[PDB]
Each structure stands twice: as structure tokens, then as C-alpha cells.
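Data file: input22.pdb. Format and content: PDB, C-alpha atoms.
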ATOM      1  CA  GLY A   1     122.927  99.193  65.688  1.00  0.00           C
ATOM      2  CA  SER A   2     126.470  99.921  66.842  1.00  0.00           C
ATOM      3  CA  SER A   3     128.973 102.782  66.696  1.00  0.00           C
ATOM      4  CA  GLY A   4     132.757 102.983  66.587  1.00  0.00           C
ATOM      5  CA  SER A   5     133.328 104.679  69.935  1.00  0.00           C
ATOM      6  CA  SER A   6     131.230 105.455  73.012  1.00  0.00           C
ATOM      7  CA  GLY A   7     131.849 106.764  76.517  1.00  0.00           C
ATOM      8  CA  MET A   8     129.709 105.821  79.508  1.00  0.00           C
ATOM      9  CA  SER A   9     125.911 105.734  79.298  1.00  0.00           C
ATOM     10  CA  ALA A  10     122.836 103.515  79.585  1.00  0.00           C
ATOM     11  CA  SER A  11     119.705 103.060  77.473  1.00  0.00           C
ATOM     12  CA  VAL A  12     116.471 104.089  79.191  1.00  0.00           C
ATOM     13  CA  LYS A  13     115.178 100.664  78.165  1.00  0.00           C
ATOM     14  CA  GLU A  14     117.124  99.015  80.989  1.00  0.00           C
ATOM     15  CA  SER A  15     116.233 101.671  83.563  1.00  0.00           C
ATOM     16  CA  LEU A  16     112.502 101.298  82.919  1.00  0.00           C
ATOM     17  CA  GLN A  17     112.951  97.526  83.116  1.00  0.00           C
ATOM     18  CA  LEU A  18     114.383  97.780  86.630  1.00  0.00           C
ATOM     19  CA  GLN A  19     111.588 100.225  87.451  1.00  0.00           C
ATOM     20  CA  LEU A  20     108.950  97.620  86.600  1.00  0.00           C
ATOM     21  CA  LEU A  21     110.573  94.633  88.307  1.00  0.00           C
ATOM     22  CA  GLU A  22     110.923  96.528  91.586  1.00  0.00           C
ATOM     23  CA  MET A  23     107.137  96.891  91.498  1.00  0.00           C
ATOM     24  CA  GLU A  24     106.627  93.157  92.013  1.00  0.00           C
ATOM     25  CA  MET A  25     108.953  93.327  95.018  1.00  0.00           C
ATOM     26  CA  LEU A  26     107.265  96.360  96.575  1.00  0.00           C
ATOM     27  CA  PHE A  27     103.811  94.809  96.203  1.00  0.00           C
ATOM     28  CA  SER A  28     105.061  91.729  98.054  1.00  0.00           C
ATOM     29  CA  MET A  29     106.475  93.722 100.969  1.00  0.00           C
ATOM     30  CA  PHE A  30     103.103  95.477 101.080  1.00  0.00           C
ATOM     31  CA  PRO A  31     100.202  93.016 101.505  1.00  0.00           C
ATOM     32  CA  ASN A  32      97.772  95.811 102.373  1.00  0.00           C
ATOM     33  CA  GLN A  33      95.902  97.283  99.405  1.00  0.00           C
ATOM     34  CA  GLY A  34      95.922 100.715 101.015  1.00  0.00           C
ATOM     35  CA  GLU A  35      99.710 100.938 100.892  1.00  0.00           C
ATOM     36  CA  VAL A  36     101.130 101.573  97.421  1.00  0.00           C
ATOM     37  CA  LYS A  37      99.059 104.221  95.642  1.00  0.00           C
ATOM     38  CA  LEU A  38      99.844 104.271  91.920  1.00  0.00           C
ATOM     39  CA  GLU A  39      98.646 107.414  90.144  1.00  0.00           C
ATOM     40  CA  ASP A  40      97.631 105.042  87.347  1.00  0.00           C
ATOM     41  CA  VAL A  41      97.671 101.244  87.121  1.00  0.00           C
ATOM     42  CA  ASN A  42      98.371 101.737  83.414  1.00  0.00           C
ATOM     43  CA  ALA A  43     101.613 103.543  84.244  1.00  0.00           C
ATOM     44  CA  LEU A  44     103.477 100.231  84.060  1.00  0.00           C
ATOM     45  CA  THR A  45     101.843  99.092  80.819  1.00  0.00           C
ATOM     46  CA  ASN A  46     102.567 102.187  78.731  1.00  0.00           C
ATOM     47  CA  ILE A  47     106.204 101.482  79.595  1.00  0.00           C
ATOM     48  CA  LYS A  48     106.309  97.796  78.664  1.00  0.00           C
ATOM     49  CA  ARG A  49     105.213  99.077  75.254  1.00  0.00           C
ATOM     50  CA  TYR A  50     108.114 101.517  74.942  1.00  0.00           C
ATOM     51  CA  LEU A  51     110.513  98.610  75.450  1.00  0.00           C
ATOM     52  CA  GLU A  52     109.213  97.069  72.225  1.00  0.00           C
ATOM     53  CA  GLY A  53     109.950 100.266  70.323  1.00  0.00           C
ATOM     54  CA  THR A  54     106.428 100.567  68.936  1.00  0.00           C
ATOM     55  CA  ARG A  55     105.759 103.641  71.073  1.00  0.00           C
ATOM     56  CA  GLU A  56     108.401 106.247  70.239  1.00  0.00           C
ATOM     57  CA  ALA A  57     106.737 108.585  72.734  1.00  0.00           C
ATOM     58  CA  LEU A  58     108.400 108.399  76.150  1.00  0.00           C
ATOM     59  CA  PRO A  59     105.967 106.794  78.630  1.00  0.00           C
ATOM     60  CA  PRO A  60     105.141 108.278  82.060  1.00  0.00           C
ATOM     61  CA  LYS A  61     107.612 107.410  84.818  1.00  0.00           C
ATOM     62  CA  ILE A  62     106.560 105.259  87.773  1.00  0.00           C
ATOM     63  CA  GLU A  63     105.517 107.683  90.512  1.00  0.00           C
ATOM     64  CA  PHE A  64     103.566 106.647  93.609  1.00  0.00           C
ATOM     65  CA  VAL A  65     103.237 107.131  97.367  1.00  0.00           C
ATOM     66  CA  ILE A  66     104.178 104.480  99.924  1.00  0.00           C
ATOM     67  CA  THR A  67     102.821 104.593 103.475  1.00  0.00           C
ATOM     68  CA  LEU A  68     105.291 103.738 106.239  1.00  0.00           C
ATOM     69  CA  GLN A  69     103.447 101.549 108.743  1.00  0.00           C
ATOM     70  CA  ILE A  70     105.722 102.336 111.687  1.00  0.00           C
ATOM     71  CA  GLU A  71     105.289  99.623 114.316  1.00  0.00           C
ATOM     72  CA  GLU A  72     106.538 101.923 117.077  1.00  0.00           C
ATOM     73  CA  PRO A  73     105.810 104.574 117.656  1.00  0.00           C
ATOM     74  CA  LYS A  74     102.592 103.487 115.943  1.00  0.00           C
ATOM     75  CA  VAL A  75     102.464 106.315 113.402  1.00  0.00           C
ATOM     76  CA  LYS A  76     102.025 106.949 109.678  1.00  0.00           C
ATOM     77  CA  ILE A  77     104.548 108.649 107.395  1.00  0.00           C
ATOM     78  CA  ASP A  78     103.536 109.393 103.807  1.00  0.00           C
ATOM     79  CA  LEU A  79     106.514 108.660 101.555  1.00  0.00           C
ATOM     80  CA  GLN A  80     106.356 110.175  98.071  1.00  0.00           C
ATOM     81  CA  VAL A  81     108.622 108.118  95.811  1.00  0.00           C
ATOM     82  CA  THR A  82     109.456 109.264  92.283  1.00  0.00           C
ATOM     83  CA  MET A  83     111.498 107.099  89.916  1.00  0.00           C
ATOM     84  CA  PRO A  84     112.336 109.001  86.702  1.00  0.00           C
ATOM     85  CA  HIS A  85     113.627 107.532  83.439  1.00  0.00           C
ATOM     86  CA  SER A  86     117.082 107.630  85.031  1.00  0.00           C
ATOM     87  CA  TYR A  87     116.872 105.913  88.418  1.00  0.00           C
ATOM     88  CA  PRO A  88     118.254 103.929  89.845  1.00  0.00           C
ATOM     89  CA  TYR A  89     121.163 105.274  87.799  1.00  0.00           C
ATOM     90  CA  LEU A  90     120.048 108.714  88.980  1.00  0.00           C
ATOM     91  CA  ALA A  91     119.294 109.790  92.549  1.00  0.00           C
ATOM     92  CA  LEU A  92     115.508 109.500  92.785  1.00  0.00           C
ATOM     93  CA  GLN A  93     113.458 111.979  94.813  1.00  0.00           C
ATOM     94  CA  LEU A  94     111.630 111.060  98.021  1.00  0.00           C
ATOM     95  CA  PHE A  95     109.473 113.046 100.444  1.00  0.00           C
ATOM     96  CA  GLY A  96     108.796 111.929 104.004  1.00  0.00           C
ATOM     97  CA  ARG A  97     106.290 113.965 105.999  1.00  0.00           C
ATOM     98  CA  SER A  98     103.714 113.201 108.694  1.00  0.00           C
ATOM     99  CA  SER A  99     101.023 115.176 110.519  1.00  0.00           C
ATOM    100  CA  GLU A 100     102.859 114.534 113.788  1.00  0.00           C
ATOM    101  CA  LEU A 101     106.380 115.326 112.581  1.00  0.00           C
ATOM    102  CA  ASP A 102     107.338 119.006 112.585  1.00  0.00           C
ATOM    103  CA  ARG A 103     109.156 121.328 110.182  1.00  0.00           C
ATOM    104  CA  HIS A 104     112.532 121.085 111.920  1.00  0.00           C
ATOM    105  CA  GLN A 105     112.096 117.347 112.471  1.00  0.00           C
ATOM    106  CA  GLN A 106     111.226 116.542 108.857  1.00  0.00           C
ATOM    107  CA  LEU A 107     114.342 118.298 107.565  1.00  0.00           C
ATOM    108  CA  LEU A 108     116.492 116.054 109.759  1.00  0.00           C
ATOM    109  CA  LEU A 109     114.676 112.931 108.570  1.00  0.00           C
ATOM    110  CA  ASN A 110     114.571 113.766 104.861  1.00  0.00           C
ATOM    111  CA  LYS A 111     118.203 114.895 104.927  1.00  0.00           C
ATOM    112  CA  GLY A 112     119.359 111.736 106.678  1.00  0.00           C
ATOM    113  CA  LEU A 113     117.483 109.740 104.049  1.00  0.00           C
ATOM    114  CA  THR A 114     118.435 111.573 100.855  1.00  0.00           C
ATOM    115  CA  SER A 115     122.073 110.962 101.786  1.00  0.00           C
ATOM    116  CA  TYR A 116     121.450 107.279 102.502  1.00  0.00           C
ATOM    117  CA  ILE A 117     119.918 106.855  99.047  1.00  0.00           C
ATOM    118  CA  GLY A 118     122.661 108.982  97.522  1.00  0.00           C
ATOM    119  CA  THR A 119     125.222 106.384  98.578  1.00  0.00           C
ATOM    120  CA  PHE A 120     124.001 103.617  96.272  1.00  0.00           C
ATOM    121  CA  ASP A 121     125.504 102.439  92.983  1.00  0.00           C
ATOM    122  CA  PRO A 122     123.805 103.177  89.633  1.00  0.00           C
ATOM    123  CA  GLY A 123     122.250  99.833  88.753  1.00  0.00           C
ATOM    124  CA  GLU A 124     120.346  98.506  91.756  1.00  0.00           C
ATOM    125  CA  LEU A 125     117.161  99.671  93.481  1.00  0.00           C
ATOM    126  CA  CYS A 126     117.225 102.207  96.314  1.00  0.00           C
ATOM    127  CA  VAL A 127     113.569 102.755  97.214  1.00  0.00           C
ATOM    128  CA  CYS A 128     113.589  99.212  98.594  1.00  0.00           C
ATOM    129  CA  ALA A 129     116.184 100.312 101.145  1.00  0.00           C
ATOM    130  CA  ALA A 130     114.598 103.678 101.932  1.00  0.00           C
ATOM    131  CA  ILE A 131     111.590 101.889 103.418  1.00  0.00           C
ATOM    132  CA  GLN A 132     113.526  99.811 105.948  1.00  0.00           C
ATOM    133  CA  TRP A 133     115.945 102.666 106.626  1.00  0.00           C
ATOM    134  CA  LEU A 134     113.151 105.016 107.697  1.00  0.00           C
ATOM    135  CA  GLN A 135     111.441 102.398 109.863  1.00  0.00           C
ATOM    136  CA  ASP A 136     114.636 101.477 111.710  1.00  0.00           C
ATOM    137  CA  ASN A 137     115.519 105.171 111.918  1.00  0.00           C
ATOM    138  CA  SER A 138     112.004 106.568 112.318  1.00  0.00           C
ATOM    139  CA  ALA A 139     111.628 106.847 116.092  1.00  0.00           C
ATOM    140  CA  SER A 140     115.177 108.127 116.583  1.00  0.00           C
ATOM    141  CA  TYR A 141     113.887 111.419 115.182  1.00  0.00           C
ATOM    142  CA  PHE A 142     110.504 111.554 116.916  1.00  0.00           C
ATOM    143  CA  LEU A 143     112.152 110.958 120.293  1.00  0.00           C
ATOM    144  CA  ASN A 144     112.107 114.474 121.744  1.00  0.00           C
ATOM    145  CA  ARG A 145     111.943 116.230 125.114  1.00  0.00           C
ATOM    146  CA  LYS A 146     108.459 117.724 125.439  1.00  0.00           C
ATOM    147  CA  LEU A 147     106.206 117.850 128.502  1.00  0.00           C
ATOM    148  CA  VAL A 148     102.870 116.589 127.179  1.00  0.00           C
ATOM    149  CA  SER A 149     101.941 114.003 129.810  1.00  0.00           C
ATOM    150  CA  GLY A 150      99.449 115.252 132.380  1.00  0.00           C
ATOM    151  CA  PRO A 151      96.370 114.372 134.462  1.00  0.00           C
ATOM    152  CA  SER A 152      92.789 115.107 133.409  1.00  0.00           C
ATOM    153  CA  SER A 153      89.699 116.501 135.133  1.00  0.00           C
ATOM    154  CA  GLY A 154      86.131 115.444 134.410  1.00  0.00           C
TER     155      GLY A 154
END
Take the structure in the file and write it out as C-alpha cells.
Amino acid sequence: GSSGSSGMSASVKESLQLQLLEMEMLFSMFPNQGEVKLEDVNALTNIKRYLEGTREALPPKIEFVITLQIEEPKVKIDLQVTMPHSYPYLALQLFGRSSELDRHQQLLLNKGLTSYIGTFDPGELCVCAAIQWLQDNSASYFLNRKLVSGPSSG
């Protein structure tokens, strides 16, 4: 239908739509099967149904974890991406932590990221940029002054 007046707002329908399309893009950038871990492969379906209007019940958002295959330093950083019924419109929530990384370090990384993603316009994807961002700015953080190198004996 339609009303007489209306301020500024968007219908979840669209949001979800952009949340499903981005999936096809992410899968492409990730050829490895052990990359994108979807809590449930049916998380995308339930949604497609809501778009029709048959399912009045709000479907489960698209939440998963993407592994950052850092080329150098050759390390792994588990990235927990969560796209609610708002994003991209809303600032999604990400979590970057690795066994190597430390408490102080993480903070710096996460912070630097959150801001980067918080500088995007409500309409386009952001998680697609968070991946590259981290990679390019992944070692910059690790790089630290610590005496670990040393000889060995028997």
C-alpha cells in the first residue's frame, strides 16, 4: 500500500536482499570450502521466503565466520561477521581475533576496523571491504619489537 506522508526508512525486504546477494560474491572470493562457515545452509532460504510475504515470522539473520588467509605473515585470523536485518544500513558487528594476536593488539586491530566499516554509506556492502582491509592492514599490527629469535641446543 501507500501512505500520505513518510520520513526516512527502508523495508527489511531490501536489506535481506542485499544480504543474500553478497553471499554469492563472498563464496567467489573464497574458493576453499573451509573458509565461510554458515551456522546453517538453510539460513539463506528461510529469508527468501520472507521476501514473498508467506512467512510473517522474521527469518534468522545471516551470521557466519570468515577465515582471513593472511599471505604474510602466514597466519590465520578468525573473523566473526554478523549481518542483522538492518545492515548494511546499520553498522554490522565484526570480531577479529587470532591465537597469535594478543589482548592489546586485538583492540588496536578491531578498533581500526570498526571505524573503517563505520565510514560506509547505508546501502552498499561493507563486509566485502573488511576482508581486504584487514589483509592489507594485518601485518602492520603484528609487527612488534620482541626478542624471540635465538639459537638451539641438541
request  = Name the residues that the PyMOL selection byres ((chain A and resi 120) around 12) pulls out of this structure, and write them as an MDAnalysis selection string.
outcome  = chainID A and resid 87:92 113:119 121:130
query = Out of A:13, A:96, A:147, A:35, which residue has the shortest atom-to-atom distance to residue 56 (chain A) when counting only C-alpha atoms?
reply =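 That would be A:13, the residue with the smallest distance to residue 56 (chain A).
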inquiry  = Give me the residues near region 67-77 of chain A as a list in words, where near means some atom within 7 Å (using all atoms listed in the file) and where sequence neighbours in that chain fewer than 4 positions away do not count.
reply    = residues 35, 36, 96, 97, 98, 135 and 139 of chain A
task = Would you mind listing what lies within 12 Å of residue 12 (chain A) as a PyMOL selection string, with all atoms listed in the file counted and same-chain residues fewer than 2 positions away left out?
result = chain A and resi 9-10+14-19+47-48+50-51+53+58-59+61+84-90+123
Using only C-alpha atoms, please write the residues we just selected to a file, as a CSV table (one decimal), keeping the file's coordinate frame.
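The new file out.csv reads:
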chain,number,residue,atom,x,y,z
A,9,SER,CA,125.9,105.7,79.3
A,10,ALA,CA,122.8,103.5,79.6
A,14,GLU,CA,117.1,99.0,81.0
A,15,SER,CA,116.2,101.7,83.6
A,16,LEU,CA,112.5,101.3,82.9
A,17,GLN,CA,113.0,97.5,83.1
A,18,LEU,CA,114.4,97.8,86.6
A,19,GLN,CA,111.6,100.2,87.5
A,47,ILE,CA,106.2,101.5,79.6
A,48,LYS,CA,106.3,97.8,78.7
A,50,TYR,CA,108.1,101.5,74.9
A,51,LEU,CA,110.5,98.6,75.4
A,53,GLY,CA,110.0,100.3,70.3
A,58,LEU,CA,108.4,108.4,76.2
A,59,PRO,CA,106.0,106.8,78.6
A,61,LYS,CA,107.6,107.4,84.8
A,84,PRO,CA,112.3,109.0,86.7
A,85,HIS,CA,113.6,107.5,83.4
A,86,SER,CA,117.1,107.6,85.0
A,87,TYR,CA,116.9,105.9,88.4
A,88,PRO,CA,118.3,103.9,89.8
A,89,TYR,CA,121.2,105.3,87.8
A,90,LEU,CA,120.0,108.7,89.0
A,123,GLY,CA,122.2,99.8,88.8
Name every residue that the PyMOL selection byres ((chain A and resi 39) around 7) selects in this structure, writing the answer as a compact mmCIF listing (two decimals) with C-alpha atoms, keeping the file's coordinate frame with chains first and numbers rising.
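Below is the file that was written, expr-v4.txt:
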# COMPACT_ATOMS: atom_id res chain seq x y z
CA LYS A 37 99.06 104.22 95.64
CA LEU A 38 99.84 104.27 91.92
CA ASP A 40 97.63 105.04 87.35
CA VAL A 41 97.67 101.24 87.12
CA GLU A 63 105.52 107.68 90.51
CA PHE A 64 103.57 106.65 93.61
